[PDB]
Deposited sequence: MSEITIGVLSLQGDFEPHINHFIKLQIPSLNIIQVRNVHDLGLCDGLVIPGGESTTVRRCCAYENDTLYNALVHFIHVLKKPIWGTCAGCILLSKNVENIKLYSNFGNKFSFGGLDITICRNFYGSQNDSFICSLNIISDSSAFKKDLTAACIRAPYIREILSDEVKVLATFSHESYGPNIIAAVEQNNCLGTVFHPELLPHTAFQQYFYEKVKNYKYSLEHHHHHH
């Protein structure tokens, strides 16, 4: 079957995320940039990366929020798989704290999808070992994550949110939440493209594959 995963690309610096899925070497997988609603329509799943949530959001605001509204629909009506990483994780979140830049978009800042409170704030680079709460073969023992000015997940707001991975750091403390999953949404605070392994990419691919299978 042909599976297409898109990577939101408007904000730039998206190539390493694309490369990391290509490294999976999975015959059935195509990756595309997503810059507009036509591109989004071709996607079975979408990755939203980025360093800065406000930048990615402004990129979606063009033409009276045309792409923003399509993303909301994609997430919440179509229920297509979405992976928000770093900035994208912020933009899936219910409550966003410490984003400073006042938004021309108000309560239309987030796309929603993860019932969490997240803090941008806003030392601050390290590799952590992950405790991953999963039976997926994507996750071998002792995997790592690169946290660079990572957002902080302060609150889980629904029992529907599954804490997928946590870590301990001799600062921040124990049981820092690194990855969450809720329905069709996956969120990670780290940079999955900046470590050689491809575990989260593989997991998200399988999520998209299972979605496509469910449809039919």
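- Sequence ranges 1, 124-127, 222-227 have no coordinates in this entry (deposited sequence, numbered from 1, C-alpha basis).
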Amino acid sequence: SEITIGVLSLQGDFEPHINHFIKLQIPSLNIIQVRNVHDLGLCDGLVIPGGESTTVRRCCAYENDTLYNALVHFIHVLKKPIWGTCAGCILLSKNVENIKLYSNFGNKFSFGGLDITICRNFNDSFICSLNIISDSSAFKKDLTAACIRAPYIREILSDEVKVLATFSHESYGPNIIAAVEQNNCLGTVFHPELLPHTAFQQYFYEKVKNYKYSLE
From here on, numbers count along this sequence of modelled residues.
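- Relative to its counterpart among 163-171 and 149-157, 163-171 has the higher mean temperature factor, C-alpha atoms as listed in the PDB entry.
- As the entry records it, the average C-alpha temperature factor is higher for 172-180, out of 25-33 and 172-180.
- Across the options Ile75, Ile133, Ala138, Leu101, the residue with the most elevated CA B-factor in the record is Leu101.
- Among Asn121, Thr85, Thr144, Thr117, the highest C-alpha B-factor recorded in the PDB entry belongs to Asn121.
- Ranked by C-alpha B-factor against the other modelled residues of its chain, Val47 falls in the lowest third.
- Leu194 sits in the middle third of its chain by CA B factor, as recorded in the PDB entry.
- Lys80 sits in the lowest third of its chain by CA B factor, as recorded in the PDB entry.
- In the deposited entry, the Cα temperature factor of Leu8 places it in the middle third of its chain's modelled residues.
- In this PDB entry, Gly112 carries a Cα temperature factor that places it within the middle third of its chain's modelled residues.
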